file run_31.pdb (PDB, C-alpha atoms)
ATOM      1  CA  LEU A   1      73.248 165.646  90.848
ATOM      2  CA  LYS A   2      71.931 168.305  88.464
ATOM      3  CA  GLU A   3      73.219 170.737  85.854
ATOM      4  CA  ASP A   4      73.142 173.691  88.304
ATOM      5  CA  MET A   5      75.137 172.721  91.398
ATOM      6  CA  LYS A   6      76.175 174.867  94.363
ATOM      7  CA  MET A   7      79.307 174.459  96.477
ATOM      8  CA  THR A   8      80.782 175.711  99.755
ATOM      9  CA  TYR A   9      84.455 175.877 100.702
ATOM     10  CA  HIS A  10      86.607 175.923 103.820
ATOM     11  CA  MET A  11      90.412 175.791 103.812
ATOM     12  CA  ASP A  12      92.835 175.867 106.725
ATOM     13  CA  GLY A  13      96.335 176.438 105.421
ATOM     14  CA  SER A  14      99.783 177.881 105.908
ATOM     15  CA  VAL A  15     102.616 179.064 103.668
ATOM     16  CA  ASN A  16     106.132 179.671 105.028
ATOM     17  CA  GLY A  17     104.682 179.597 108.540
ATOM     18  CA  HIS A  18     101.907 182.122 107.820
ATOM     19  CA  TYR A  19      98.521 180.588 108.643
ATOM     20  CA  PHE A  20      95.181 181.530 107.098
ATOM     21  CA  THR A  21      91.582 180.430 106.597
ATOM     22  CA  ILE A  22      89.620 180.729 103.345
ATOM     23  CA  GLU A  23      85.872 180.276 102.876
ATOM     24  CA  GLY A  24      83.641 180.733  99.873
ATOM     25  CA  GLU A  25      80.854 179.543  97.621
ATOM     26  CA  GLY A  26      80.661 178.258  94.078
ATOM     27  CA  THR A  27      78.356 177.334  91.242
ATOM     28  CA  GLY A  28      78.962 174.942  88.397
ATOM     29  CA  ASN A  29      77.760 172.458  85.813
ATOM     30  CA  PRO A  30      79.457 169.157  86.743
ATOM     31  CA  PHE A  31      78.464 167.609  83.404
ATOM     32  CA  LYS A  32      80.162 170.337  81.359
ATOM     33  CA  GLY A  33      83.100 170.365  83.790
ATOM     34  CA  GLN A  34      82.600 174.081  84.520
ATOM     35  CA  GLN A  35      82.702 175.866  87.873
ATOM     36  CA  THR A  36      82.977 179.419  89.227
ATOM     37  CA  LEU A  37      84.050 180.078  92.826
ATOM     38  CA  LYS A  38      83.959 183.209  95.007
ATOM     39  CA  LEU A  39      86.422 183.013  97.904
ATOM     40  CA  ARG A  40      87.365 185.211 100.863
ATOM     41  CA  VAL A  41      90.322 185.127 103.236
ATOM     42  CA  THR A  42      88.509 185.019 106.583
ATOM     43  CA  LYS A  43      91.634 184.749 108.783
ATOM     44  CA  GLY A  44      95.249 185.771 108.292
ATOM     45  CA  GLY A  45      94.639 188.125 105.368
ATOM     46  CA  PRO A  46      95.877 189.805 103.327
ATOM     47  CA  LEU A  47      97.925 186.885 102.046
ATOM     48  CA  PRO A  48     101.619 187.786 101.598
ATOM     49  CA  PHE A  49     101.958 185.323  98.708
ATOM     50  CA  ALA A  50     100.553 184.603  95.263
ATOM     51  CA  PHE A  51      97.102 183.050  95.614
ATOM     52  CA  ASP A  52      97.801 180.818  92.601
ATOM     53  CA  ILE A  53      99.703 178.269  94.700
ATOM     54  CA  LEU A  54      96.419 177.555  96.534
ATOM     55  CA  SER A  55      93.953 177.685  93.643
ATOM     56  CA  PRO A  56      94.152 174.025  92.421
ATOM     57  CA  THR A  57      93.212 172.957  95.964
ATOM     58  CA  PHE A  58      89.799 174.560  95.455
ATOM     59  CA  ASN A  59      86.754 168.895  92.748
ATOM     60  CA  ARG A  60      86.910 166.423  89.864
ATOM     61  CA  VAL A  61      83.127 165.941  89.971
ATOM     62  CA  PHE A  62      83.246 169.041  87.739
ATOM     63  CA  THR A  63      84.884 167.183  84.865
ATOM     64  CA  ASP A  64      83.279 166.676  81.454
ATOM     65  CA  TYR A  65      83.564 162.904  80.981
ATOM     66  CA  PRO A  66      82.773 161.021  77.763
ATOM     67  CA  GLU A  67      79.538 159.071  78.071
ATOM     68  CA  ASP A  68      81.214 155.664  77.646
ATOM     69  CA  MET A  69      84.144 156.204  80.052
ATOM     70  CA  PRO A  70      83.776 155.313  83.752
ATOM     71  CA  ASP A  71      83.506 158.521  85.793
ATOM     72  CA  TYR A  72      85.285 157.762  89.077
ATOM     73  CA  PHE A  73      84.194 160.984  90.772
ATOM     74  CA  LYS A  74      80.515 161.091  89.810
ATOM     75  CA  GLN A  75      80.255 157.400  90.739
ATOM     76  CA  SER A  76      81.572 158.273  94.209
ATOM     77  CA  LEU A  77      78.371 160.222  94.935
ATOM     78  CA  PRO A  78      76.482 160.743  97.187
ATOM     79  CA  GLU A  79      79.234 159.775  99.640
ATOM     80  CA  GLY A  80      81.939 161.604  97.697
ATOM     81  CA  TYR A  81      85.698 161.230  97.584
ATOM     82  CA  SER A  82      88.920 162.585  99.077
ATOM     83  CA  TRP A  83      92.375 163.349  97.708
ATOM     84  CA  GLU A  84      95.954 164.061  98.763
ATOM     85  CA  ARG A  85      98.505 165.976  96.737
ATOM     86  CA  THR A  86     102.190 166.873  96.660
ATOM     87  CA  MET A  87     103.419 169.930  94.742
ATOM     88  CA  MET A  88     107.174 170.233  94.080
ATOM     89  CA  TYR A  89     108.374 173.549  92.663
ATOM     90  CA  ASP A  90     111.512 174.013  90.570
ATOM     91  CA  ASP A  91     112.957 176.395  93.167
ATOM     92  CA  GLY A  92     112.916 173.856  95.953
ATOM     93  CA  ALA A  93     109.587 174.923  97.426
ATOM     94  CA  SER A  94     107.133 172.175  98.328
ATOM     95  CA  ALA A  95     103.525 171.950  99.442
ATOM     96  CA  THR A  96     101.007 169.293 100.393
ATOM     97  CA  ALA A  97      97.239 169.543 100.313
ATOM     98  CA  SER A  98      94.227 167.346 100.908
ATOM     99  CA  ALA A  99      90.491 167.771 100.540
ATOM    100  CA  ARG A 100      87.257 165.917 101.200
ATOM    101  CA  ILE A 101      84.331 166.374  98.809
ATOM    102  CA  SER A 102      80.850 165.577 100.127
ATOM    103  CA  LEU A 103      77.227 166.679  99.760
ATOM    104  CA  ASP A 104      74.604 168.300 101.972
ATOM    105  CA  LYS A 105      71.199 169.902 101.395
ATOM    106  CA  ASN A 106      72.705 172.923  99.628
ATOM    107  CA  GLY A 107      75.143 171.014  97.421
ATOM    108  CA  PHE A 108      78.834 170.185  97.526
ATOM    109  CA  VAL A 109      80.851 170.603 100.719
ATOM    110  CA  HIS A 110      84.588 171.082 100.114
ATOM    111  CA  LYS A 111      86.967 170.975 103.109
ATOM    112  CA  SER A 112      90.685 171.278 102.458
ATOM    113  CA  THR A 113      94.049 171.866 104.083
ATOM    114  CA  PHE A 114      97.289 173.196 102.639
ATOM    115  CA  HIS A 115     100.865 173.282 103.924
ATOM    116  CA  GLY A 116     103.641 175.009 101.987
ATOM    117  CA  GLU A 117     107.261 175.615 102.922
ATOM    118  CA  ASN A 118     110.520 176.977 101.516
ATOM    119  CA  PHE A 119     109.088 179.429  99.011
ATOM    120  CA  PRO A 120     112.019 181.854  98.541
ATOM    121  CA  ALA A 121     111.309 185.058 100.446
ATOM    122  CA  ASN A 122     112.342 187.207  97.454
ATOM    123  CA  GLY A 123     111.013 184.867  94.755
ATOM    124  CA  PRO A 124     107.943 185.454  92.590
ATOM    125  CA  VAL A 125     105.528 183.491  94.811
ATOM    126  CA  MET A 126     106.281 185.405  98.011
ATOM    127  CA  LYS A 127     106.454 188.682  96.041
ATOM    128  CA  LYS A 128     102.977 188.066  94.525
ATOM    129  CA  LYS A 129     104.051 187.962  90.878
ATOM    130  CA  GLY A 130     101.781 185.142  89.694
ATOM    131  CA  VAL A 131      99.361 185.780  86.828
ATOM    132  CA  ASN A 132      97.675 182.417  86.094
ATOM    133  CA  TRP A 133      98.448 178.747  85.618
ATOM    134  CA  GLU A 134      98.936 177.640  82.044
ATOM    135  CA  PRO A 135      96.351 175.183  80.706
ATOM    136  CA  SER A 136      97.544 171.703  81.636
ATOM    137  CA  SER A 137      97.019 168.021  80.860
ATOM    138  CA  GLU A 138      96.825 165.649  83.843
ATOM    139  CA  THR A 139      97.433 161.932  83.268
ATOM    140  CA  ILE A 140      95.003 159.764  85.257
ATOM    141  CA  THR A 141      95.916 156.142  86.008
ATOM    142  CA  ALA A 142      93.928 153.489  87.870
ATOM    143  CA  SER A 143      95.046 150.790  90.295
ATOM    144  CA  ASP A 144      93.558 148.988  93.305
ATOM    145  CA  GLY A 145      90.359 151.033  93.305
ATOM    146  CA  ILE A 146      92.104 154.439  93.430
ATOM    147  CA  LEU A 147      93.288 156.935  90.828
ATOM    148  CA  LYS A 148      96.638 158.702  90.594
ATOM    149  CA  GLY A 149      97.052 161.979  88.703
ATOM    150  CA  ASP A 150     100.303 163.444  87.380
ATOM    151  CA  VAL A 151     100.549 166.917  85.857
ATOM    152  CA  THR A 152     103.443 169.277  85.214
ATOM    153  CA  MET A 153     102.249 172.798  86.044
ATOM    154  CA  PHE A 154     103.544 176.160  84.811
ATOM    155  CA  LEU A 155     102.632 179.322  86.699
ATOM    156  CA  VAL A 156     102.765 182.365  84.427
ATOM    157  CA  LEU A 157     104.500 185.249  86.188
ATOM    158  CA  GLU A 158     104.786 188.947  85.498
ATOM    159  CA  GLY A 159     107.523 189.726  83.014
ATOM    160  CA  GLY A 160     107.078 186.676  80.789
ATOM    161  CA  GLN A 161     108.614 184.000  83.009
ATOM    162  CA  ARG A 162     107.094 180.701  84.111
ATOM    163  CA  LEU A 163     107.588 178.746  87.336
ATOM    164  CA  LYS A 164     107.399 174.974  86.961
ATOM    165  CA  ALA A 165     105.945 172.569  89.524
ATOM    166  CA  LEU A 166     105.172 168.851  89.570
ATOM    167  CA  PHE A 167     101.748 167.918  90.954
ATOM    168  CA  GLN A 168     100.961 164.352  92.030
ATOM    169  CA  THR A 169      97.556 163.418  93.431
ATOM    170  CA  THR A 170      95.900 160.301  94.851
ATOM    171  CA  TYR A 171      92.092 160.266  94.522
ATOM    172  CA  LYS A 172      90.091 157.918  96.773
ATOM    173  CA  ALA A 173      86.375 157.213  96.317
ATOM    174  CA  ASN A 174      86.141 155.174  99.585
ATOM    175  CA  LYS A 175      83.626 152.783  97.999
ATOM    176  CA  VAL A 176      83.920 150.388  95.080
ATOM    177  CA  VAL A 177      83.181 152.022  91.717
ATOM    178  CA  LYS A 178      83.763 151.034  88.106
ATOM    179  CA  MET A 179      87.311 151.961  87.184
ATOM    180  CA  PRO A 180      88.264 153.964  84.091
ATOM    181  CA  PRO A 181      91.171 153.186  81.771
ATOM    182  CA  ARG A 182      94.272 155.328  81.792
ATOM    183  CA  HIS A 183      93.204 158.735  80.473
ATOM    184  CA  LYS A 184      93.885 162.458  80.678
ATOM    185  CA  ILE A 185      92.050 165.513  82.000
ATOM    186  CA  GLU A 186      92.702 168.864  80.331
ATOM    187  CA  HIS A 187      92.391 171.745  82.813
ATOM    188  CA  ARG A 188      92.066 175.484  82.313
ATOM    189  CA  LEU A 189      92.059 177.418  85.604
ATOM    190  CA  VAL A 190      91.922 181.231  85.743
ATOM    191  CA  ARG A 191      91.906 183.649  88.687
ATOM    192  CA  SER A 192      90.575 187.189  89.183
ATOM    193  CA  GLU A 193      90.727 189.392  92.282
ATOM    194  CA  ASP A 194      89.223 192.669  93.488
ATOM    195  CA  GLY A 195      90.771 193.361  96.910
ATOM    196  CA  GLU A 196      87.904 191.712  98.799
ATOM    197  CA  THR A 197      87.423 188.374  97.002
ATOM    198  CA  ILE A 198      89.096 185.862  94.696
ATOM    199  CA  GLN A 199      87.264 184.379  91.724
ATOM    200  CA  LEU A 200      88.316 181.004  90.331
ATOM    201  CA  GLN A 201      87.000 179.487  87.098
ATOM    202  CA  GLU A 202      87.980 176.001  85.941
ATOM    203  CA  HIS A 203      87.014 174.096  82.823
ATOM    204  CA  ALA A 204      88.019 170.426  82.907
ATOM    205  CA  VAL A 205      87.431 167.772  80.232
ATOM    206  CA  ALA A 206      88.436 164.103  80.302
ATOM    207  CA  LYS A 207      89.732 162.495  77.104
ATOM    208  CA  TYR A 208      91.043 159.166  75.880
ATOM    209  CA  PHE A 209      94.678 159.015  74.796
ATOM    210  CA  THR A 210      95.433 159.399  71.065
TER     211      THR A 210
END
call {"tool": "encode", "arguments": {"input": "run_31.pdb", "output": "structure tokens"}}
result
Amino acid sequence: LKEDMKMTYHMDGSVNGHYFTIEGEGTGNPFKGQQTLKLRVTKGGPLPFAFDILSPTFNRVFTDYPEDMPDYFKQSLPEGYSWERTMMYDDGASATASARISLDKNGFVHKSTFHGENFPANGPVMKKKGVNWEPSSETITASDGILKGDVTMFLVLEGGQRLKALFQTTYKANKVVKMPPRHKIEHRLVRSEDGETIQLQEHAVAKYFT
């Protein structure tokens, strides 16, 4: 595990019954909690929905942890960890996702799935009006060898509105590691697109409360 890591991605997903596959590569500094991803829709493109609902699916190894706080995700290496997530939007839409994070010769291997339903056909998600997620603060809590994350998310939309969603995640290392206290992770995730690709950049930093 070094300062200059590489990643690969594969997602099989669907939204409102429209199925798609996404693949890509990434680079990042896991110790500074920084990563940059380059993704392509390899099947089912172009996506008839705002890519932002998928972007948090695309790795808490890339979190800047204080030196004296147990780092659940870096401890999980080389075997890695997996997670499962529910996402409940304020308009009644809902989605689930899961991913497995592992390592090979090249670096991190990220395999994920995504299932979303009941996004209003004429709402901002299905009309591709997302801009970016607001910076967020996810509360991490520990119990029985696993972590649970809670974060209220706000998707910035065109025209100055925001769409709220509640994210809940269970992170599983699948081997015994030293467990951290209750803490928070501050995220900043931004997206850029060019017709052929999607770029994601996340900066994530873990902090103690107060």
call {"tool": "resolve_selection", "arguments": {"input": "run_31.pdb", "expression": "the PyMOL selection byres ((chain A and resi 12) around 8)", "output": "PDB file with C-alpha atoms, in the coordinates of the input"}}
result
ATOM      1  CA  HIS A  10      86.607 175.923 103.820  1.00  0.00           C
ATOM      2  CA  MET A  11      90.412 175.791 103.812  1.00  0.00           C
ATOM      3  CA  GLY A  13      96.335 176.438 105.421  1.00  0.00           C
ATOM      4  CA  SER A  14      99.783 177.881 105.908  1.00  0.00           C
ATOM      5  CA  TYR A  19      98.521 180.588 108.643  1.00  0.00           C
ATOM      6  CA  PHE A  20      95.181 181.530 107.098  1.00  0.00           C
ATOM      7  CA  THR A  21      91.582 180.430 106.597  1.00  0.00           C
ATOM      8  CA  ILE A  22      89.620 180.729 103.345  1.00  0.00           C
ATOM      9  CA  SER A 112      90.685 171.278 102.458  1.00  0.00           C
ATOM     10  CA  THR A 113      94.049 171.866 104.083  1.00  0.00           C
ATOM     11  CA  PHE A 114      97.289 173.196 102.639  1.00  0.00           C
TER      12      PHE A 114
END
call {"tool": "closest_residue", "arguments": {"input": "run_31.pdb", "among": "A:70, A:135, A:56, A:145", "to": "residue 168 of chain A", "atoms": "all atoms listed in the file"}}
result
A:56
call {"tool": "residues_near_point", "arguments": {"input": "run_31.pdb", "point": "(72.4, 169.9, 100.8)", "cutoff": "12 Å", "atoms": "only C-alpha atoms", "output": "list in words"}}
result
residues 1, 5, 6, 7, 8, 78, 102, 103, 104, 105, 106, 107, 108 and 109 of chain A
call {"tool": "residues_around", "arguments": {"input": "run_31.pdb", "residues": "residue 85 of chain A", "least_positions_apart": "3", "cutoff": "6 Å", "atoms": "only C-alpha atoms", "output": "PyMOL selection string"}}
result
chain A and resi 96-97+168-169
call {"tool": "atom_distance", "arguments": {"input": "run_31.pdb", "atom1": "atom CA of residue 189 of chain A", "atom2": "atom CA of residue 52 of chain A"}}
result
9.7 Å
call {"tool": "closest_residue", "arguments": {"input": "run_31.pdb", "among": "A:129, A:172, A:162, A:74", "to": "residue 146 of chain A", "atoms": "all atoms listed in the file"}}
result
A:172
call {"tool": "residues_around", "arguments": {"input": "run_31.pdb", "residues": "residue 3 of chain A", "least_positions_apart": "4", "cutoff": "10 Å", "atoms": "all atoms listed in the file", "output": "list in words"}}
result
residues 27, 28, 29, 30, 31 and 32 of chain A
call {"tool": "residues_around", "arguments": {"input": "run_31.pdb", "residues": "residue 209 of chain A", "least_positions_apart": "2", "cutoff": "12 Å", "atoms": "all atoms listed in the file", "output": "mmCIF file with C-alpha atoms, in the frame of the given file"}}
result
data_model
loop_
_atom_site.group_PDB
_atom_site.id
_atom_site.type_symbol
_atom_site.label_atom_id
_atom_site.label_comp_id
_atom_site.auth_asym_id
_atom_site.auth_seq_id
_atom_site.Cartn_x
_atom_site.Cartn_y
_atom_site.Cartn_z
ATOM 1 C CA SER A 137 97.019 168.021 80.860
ATOM 2 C CA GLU A 138 96.825 165.649 83.843
ATOM 3 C CA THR A 139 97.433 161.932 83.268
ATOM 4 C CA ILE A 140 95.003 159.764 85.257
ATOM 5 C CA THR A 141 95.916 156.142 86.008
ATOM 6 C CA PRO A 181 91.171 153.186 81.771
ATOM 7 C CA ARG A 182 94.272 155.328 81.792
ATOM 8 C CA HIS A 183 93.204 158.735 80.473
ATOM 9 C CA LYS A 184 93.885 162.458 80.678
ATOM 10 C CA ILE A 185 92.050 165.513 82.000
ATOM 11 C CA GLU A 186 92.702 168.864 80.331
ATOM 12 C CA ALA A 206 88.436 164.103 80.302
ATOM 13 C CA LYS A 207 89.732 162.495 77.104
#
call {"tool": "closest_residue", "arguments": {"input": "run_31.pdb", "among": "A:121, A:156, A:173, A:61", "to": "residue 82 of chain A", "atoms": "only C-alpha atoms"}}
result
A:173
call {"tool": "closest_residue", "arguments": {"input": "run_31.pdb", "among": "A:130, A:36, A:179, A:90", "to": "residue 160 of chain A", "atoms": "all atoms listed in the file"}}
result
A:130
call {"tool": "resolve_selection", "arguments": {"input": "run_31.pdb", "expression": "the PyMOL selection byres ((chain A and resi 25) around 7)", "output": "number ranges by chain"}}
result
A: 7-9, 24, 26, 37-39
call {"tool": "atom_distance", "arguments": {"input": "run_31.pdb", "atom1": "atom CA of residue 100 of chain A", "atom2": "atom CA of residue 171 of chain A"}}
result
10.0 Å
call {"tool": "atom_distance", "arguments": {"input": "run_31.pdb", "atom1": "atom CA of residue 55 of chain A", "atom2": "atom CA of residue 155 of chain A"}}
result
11.2 Å
call {"tool": "axis_aligned_box", "arguments": {"input": "run_31.pdb", "around": "segment 32-43 of chain A", "padding_each_side": "4 Å", "output": "lines of an AutoDock Vina configuration file"}}
result
center_x = 85.9
center_y = 177.8
center_z = 95.1
size_x = 19.5
size_y = 22.9
size_z = 35.4
call {"tool": "closest_residue", "arguments": {"input": "run_31.pdb", "among": "A:125, A:110, A:69, A:134", "to": "residue 191 of chain A", "atoms": "only C-alpha atoms"}}
result
A:134
call {"tool": "residues_around", "arguments": {"input": "run_31.pdb", "residues": "residue 119 of chain A", "least_positions_apart": "2", "cutoff": "12 Å", "atoms": "all atoms listed in the file", "output": "VMD selection string"}}
result
chain A and resid 14 to 18 48 to 50 53 87 to 95 115 to 117 121 to 128 163
call {"tool": "resolve_selection", "arguments": {"input": "run_31.pdb", "expression": "the PyMOL selection byres ((chain A and resi 63) around 6)", "output": "MDAnalysis selection string"}}
result
chainID A and resid 33 60:62 64:65 204:205
call {"tool": "closest_residue", "arguments": {"input": "run_31.pdb", "among": "A:166, A:197, A:208, A:84", "to": "residue 147 of chain A", "atoms": "only C-alpha atoms"}}
result
A:84
call {"tool": "decode", "arguments": {"input": "run_31.pdb", "residues": "segment 100-197 of chain A", "atoms": "C-alpha atoms", "output": "PDB file, in the first residue's frame"}}
result
ATOM      1  CA  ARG A 100     -16.284  -5.481  -2.880  1.00  0.00           C
ATOM      2  CA  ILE A 101     -12.841  -3.881  -2.606  1.00  0.00           C
ATOM      3  CA  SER A 102      -9.817  -6.124  -3.165  1.00  0.00           C
ATOM      4  CA  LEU A 103      -6.276  -6.019  -4.552  1.00  0.00           C
ATOM      5  CA  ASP A 104      -4.413  -7.574  -7.469  1.00  0.00           C
ATOM      6  CA  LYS A 105      -1.044  -6.990  -9.144  1.00  0.00           C
ATOM      7  CA  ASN A 106      -2.134  -3.646 -10.607  1.00  0.00           C
ATOM      8  CA  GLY A 107      -3.809  -2.282  -7.477  1.00  0.00           C
ATOM      9  CA  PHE A 108      -7.355  -2.015  -6.185  1.00  0.00           C
ATOM     10  CA  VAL A 109     -10.175  -4.021  -7.755  1.00  0.00           C
ATOM     11  CA  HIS A 110     -13.625  -2.480  -7.227  1.00  0.00           C
ATOM     12  CA  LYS A 111     -16.718  -4.516  -8.189  1.00  0.00           C
ATOM     13  CA  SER A 112     -20.131  -3.031  -7.492  1.00  0.00           C
ATOM     14  CA  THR A 113     -23.830  -3.363  -8.210  1.00  0.00           C
ATOM     15  CA  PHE A 114     -26.608  -0.791  -8.086  1.00  0.00           C
ATOM     16  CA  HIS A 115     -30.399  -1.055  -8.173  1.00  0.00           C
ATOM     17  CA  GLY A 116     -32.614   2.032  -8.228  1.00  0.00           C
ATOM     18  CA  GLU A 117     -36.373   2.337  -8.582  1.00  0.00           C
ATOM     19  CA  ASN A 118     -39.182   4.897  -8.500  1.00  0.00           C
ATOM     20  CA  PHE A 119     -37.223   7.939  -9.621  1.00  0.00           C
ATOM     21  CA  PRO A 120     -40.010  10.201 -10.963  1.00  0.00           C
ATOM     22  CA  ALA A 121     -39.968  10.123 -14.757  1.00  0.00           C
ATOM     23  CA  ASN A 122     -40.237  13.934 -14.957  1.00  0.00           C
ATOM     24  CA  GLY A 123     -38.138  14.685 -11.866  1.00  0.00           C
ATOM     25  CA  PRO A 124     -34.623  16.133 -11.838  1.00  0.00           C
ATOM     26  CA  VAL A 125     -32.822  12.765 -11.658  1.00  0.00           C
ATOM     27  CA  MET A 126     -34.486  11.258 -14.729  1.00  0.00           C
ATOM     28  CA  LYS A 127     -34.249  14.620 -16.541  1.00  0.00           C
ATOM     29  CA  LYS A 128     -30.470  14.823 -15.871  1.00  0.00           C
ATOM     30  CA  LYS A 129     -30.514  18.023 -13.817  1.00  0.00           C
ATOM     31  CA  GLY A 130     -27.900  17.069 -11.216  1.00  0.00           C
ATOM     32  CA  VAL A 131     -24.823  19.264 -10.778  1.00  0.00           C
ATOM     33  CA  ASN A 132     -22.871  17.780  -7.832  1.00  0.00           C
ATOM     34  CA  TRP A 133     -23.344  16.444  -4.327  1.00  0.00           C
ATOM     35  CA  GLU A 134     -22.804  18.943  -1.551  1.00  0.00           C
ATOM     36  CA  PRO A 135     -19.860  18.237   0.761  1.00  0.00           C
ATOM     37  CA  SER A 136     -21.123  15.922   3.489  1.00  0.00           C
ATOM     38  CA  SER A 137     -20.264  14.554   6.928  1.00  0.00           C
ATOM     39  CA  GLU A 138     -20.791  10.813   7.468  1.00  0.00           C
ATOM     40  CA  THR A 139     -21.075   9.501  11.034  1.00  0.00           C
ATOM     41  CA  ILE A 140     -19.190   6.217  11.500  1.00  0.00           C
ATOM     42  CA  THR A 141     -20.129   3.917  14.389  1.00  0.00           C
ATOM     43  CA  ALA A 142     -18.616   0.581  15.408  1.00  0.00           C
ATOM     44  CA  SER A 143     -20.241  -2.587  16.726  1.00  0.00           C
ATOM     45  CA  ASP A 144     -19.553  -6.330  16.542  1.00  0.00           C
ATOM     46  CA  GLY A 145     -16.555  -5.954  14.243  1.00  0.00           C
ATOM     47  CA  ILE A 146     -18.400  -3.929  11.567  1.00  0.00           C
ATOM     48  CA  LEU A 147     -18.934  -0.231  10.905  1.00  0.00           C
ATOM     49  CA  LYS A 148     -22.163   1.585  10.084  1.00  0.00           C
ATOM     50  CA  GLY A 149     -22.179   4.934   8.274  1.00  0.00           C
ATOM     51  CA  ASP A 150     -25.006   7.477   8.225  1.00  0.00           C
ATOM     52  CA  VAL A 151     -24.966  10.586   6.040  1.00  0.00           C
ATOM     53  CA  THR A 152     -27.669  12.951   4.832  1.00  0.00           C
ATOM     54  CA  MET A 153     -26.883  13.827   1.209  1.00  0.00           C
ATOM     55  CA  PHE A 154     -27.927  16.859  -0.844  1.00  0.00           C
ATOM     56  CA  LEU A 155     -27.683  16.731  -4.627  1.00  0.00           C
ATOM     57  CA  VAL A 156     -27.316  20.215  -6.100  1.00  0.00           C
ATOM     58  CA  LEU A 157     -29.574  20.610  -9.129  1.00  0.00           C
ATOM     59  CA  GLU A 158     -29.806  23.153 -11.906  1.00  0.00           C
ATOM     60  CA  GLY A 159     -31.799  26.196 -10.890  1.00  0.00           C
ATOM     61  CA  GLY A 160     -30.651  26.374  -7.270  1.00  0.00           C
ATOM     62  CA  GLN A 161     -32.624  23.476  -5.800  1.00  0.00           C
ATOM     63  CA  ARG A 162     -31.330  20.537  -3.777  1.00  0.00           C
ATOM     64  CA  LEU A 163     -32.600  16.956  -3.595  1.00  0.00           C
ATOM     65  CA  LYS A 164     -32.170  15.280  -0.216  1.00  0.00           C
ATOM     66  CA  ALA A 165     -31.369  11.604   0.340  1.00  0.00           C
ATOM     67  CA  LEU A 166     -30.493   9.483   3.366  1.00  0.00           C
ATOM     68  CA  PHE A 167     -27.536   7.127   2.900  1.00  0.00           C
ATOM     69  CA  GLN A 168     -26.931   4.227   5.291  1.00  0.00           C
ATOM     70  CA  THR A 169     -23.997   1.859   4.821  1.00  0.00           C
ATOM     71  CA  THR A 170     -22.665  -1.278   6.510  1.00  0.00           C
ATOM     72  CA  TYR A 171     -18.911  -1.831   6.046  1.00  0.00           C
ATOM     73  CA  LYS A 172     -17.502  -5.335   6.613  1.00  0.00           C
ATOM     74  CA  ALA A 173     -13.777  -6.108   6.800  1.00  0.00           C
ATOM     75  CA  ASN A 174     -14.355  -9.921   6.909  1.00  0.00           C
ATOM     76  CA  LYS A 175     -11.413 -10.373   9.297  1.00  0.00           C
ATOM     77  CA  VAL A 176     -10.815  -9.125  12.822  1.00  0.00           C
ATOM     78  CA  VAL A 177      -9.259  -5.647  12.939  1.00  0.00           C
ATOM     79  CA  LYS A 178      -8.805  -3.037  15.648  1.00  0.00           C
ATOM     80  CA  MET A 179     -12.006  -1.042  15.914  1.00  0.00           C
ATOM     81  CA  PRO A 180     -12.166   2.762  15.874  1.00  0.00           C
ATOM     82  CA  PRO A 181     -14.305   4.902  18.172  1.00  0.00           C
ATOM     83  CA  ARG A 182     -17.378   6.647  16.862  1.00  0.00           C
ATOM     84  CA  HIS A 183     -16.127   9.273  14.407  1.00  0.00           C
ATOM     85  CA  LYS A 184     -16.983  11.169  11.238  1.00  0.00           C
ATOM     86  CA  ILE A 185     -15.694  11.260   7.664  1.00  0.00           C
ATOM     87  CA  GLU A 186     -16.001  14.513   5.724  1.00  0.00           C
ATOM     88  CA  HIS A 187     -16.485  13.874   1.993  1.00  0.00           C
ATOM     89  CA  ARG A 188     -16.183  16.150  -1.017  1.00  0.00           C
ATOM     90  CA  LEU A 189     -17.141  14.415  -4.281  1.00  0.00           C
ATOM     91  CA  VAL A 190     -17.196  16.239  -7.634  1.00  0.00           C
ATOM     92  CA  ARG A 191     -18.070  15.041 -11.143  1.00  0.00           C
ATOM     93  CA  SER A 192     -17.061  16.174 -14.643  1.00  0.00           C
ATOM     94  CA  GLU A 193     -18.131  14.771 -18.015  1.00  0.00           C
ATOM     95  CA  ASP A 194     -17.138  15.143 -21.666  1.00  0.00           C
ATOM     96  CA  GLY A 195     -19.579  12.989 -23.664  1.00  0.00           C
ATOM     97  CA  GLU A 196     -17.265   9.962 -23.667  1.00  0.00           C
ATOM     98  CA  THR A 197     -16.188   9.629 -20.016  1.00  0.00           C
TER      99      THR A 197
END
